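One protein chain, two forms: both are listed below as structure tokens, the first as structure 1 and the second as structure 2.
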Structure 1
């Protein structure tokens, strides 16, 4: 019956809005909820547990009112405001990339490295990993534990909702213009997205990979705490609204059969396994779900010790909001 004051910073964004919904759905022990944003968003209303909560300016907010803050207002605002909330004694769970690679801040997937949460005392900050990494690592954890992983080839099928509402509107807007004869203009993306696949998520790096691809690499090795897992991504934007899917081709360190992995995955909490000719898809199975979906599990015929799988999740939920709320749950349970 111990209750906590909770702030959500970025309350008017898809993830901030979903964090509220997930807090409500998972019946988090909240005494008071504060909703924070910039000045323009100030005065907007949302319902939490039956009561209207008003969005207030972060500039005017007294951080001492709060035990835990869930941040999802973009990297700039997290860099600016997280140290301030943390200085005030608030534990920040940060859904941006900003603190992920900072040497002493933990990067947590609760199904994977929940021990790392203990390192919240270093800076009063816990980093929430990238959506693609979260879902891949949840699916691969059982395999990693049983037999180890030497190398991951992964290609992604990423929805436009990763580029926020500017991406969603570009998809829906381009698609209507094209269908009704009008030309489609590009702004959020460098090429047309409607009825197209763009093999670029974020800017390029010196090595040919993009930042999104480089994030799956670095965040994987940090989270598994293993600088010897090799990760080889190609990240692609696809004309899908919500959910990300991944084709994962892994090389294990010891041999294991698809039947064993399927049994493990089925027994692991947070994983829904689809067998045989059934498999999850973004539109059909992923939308609105808090867990990770897998199918197409099979032995790699090209390698002595390989496993192939197909991984799907809702990138706004498990890929962000829900992962953060799950960190919060374990934080209050074991540290408060």
Structure 2
């Protein structure tokens, strides 16, 4: 069984990464379509040994495809995802646009793959922010074991918007709580994915002068005590996570290792407070994390619903 797939925003960095991930993950693609604006039309890419030509989204017949991956910015998704959906395409959307819609599932496949069933509400599934993906993958085993009462998290990214490959702010006027509109969005994404309005989330989204890749410092207040050693064991077993325990010798120092893996380290309890757990979570290639999450959604969608 093979499926027709579109990538919208195919000439952008995430869109290009999506093609690479579909190939690397050996997704059962029959025909691949690459969509962009008129200015990008005619550009060529190689996928599974075949040539694919970018075409204008304005001329595209959506009846050709089963699933579309969108990564061309929120306003274009706002316009085009309803149109693809109406044609019977299931859109996996890598923008902020549909993440907060009550009727649209927001999915991290290691955490809430059950939510994918709700694709039939609107023919759209929302891909979360890489920051939220990273954190939720790392926290889920802890949540499952002992519960989570409160998360305090600091995220770090470049001031310039570059560094997303790693290989070369407005106060929220409604909440009036001192958190920025980005920070509140993380709260809402986190609570949605956990499907748990009782989890308190307190983010600080920090811009750093110069930074390649993305990092988060995470403190969690658990509902039952848990030893750092236990959570390190859990994370080591968990899929998609690479745990770094630290090196005593040069030969024990490791590189990033994975293509799109959640890199975890500095795992430790609050001193004399074992219902407090601390960890840092890193993504070297931010785009590959986002793209991979989107493809994992498509894999499960195809498996259980097609």
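We call the rigid core whatever largest set of C-alpha positions still superposes within 1.5 Å between the two forms. Residue numbers count along the first chain shown, from 1.
- Here the rigid core is superposed between structures 1 and 2, and of 286, 35, 309, 68 the C-alpha of 286 is the only one to shift by 2 Å or more.
- The Cα position of residue 164 differs by 2 Å or more between structures 1 and 2 after fitting on the rigid core.
- The two forms, fitted on the rigid core, differ between structures 1 and 2 by less than 2 Å at the CA of residue 120.
- Core-superposed comparison between structures 1 and 2: the Cα of residue 218 travels less than 2 Å.
- With both forms fitted on their core, the C-alpha atom of residue 277 sits 4.6 Å from where it sits in the other form; this compares the forms between structures 1 and 2.
- Summarising the core-aligned comparison between structures 1 and 2, the C-alpha atom of residue 204 is found to shift 10.4 Å.
- Overlaying the rigid core between structures 1 and 2 leaves the Cα of residue 80 displaced by 0.3 angstrom.
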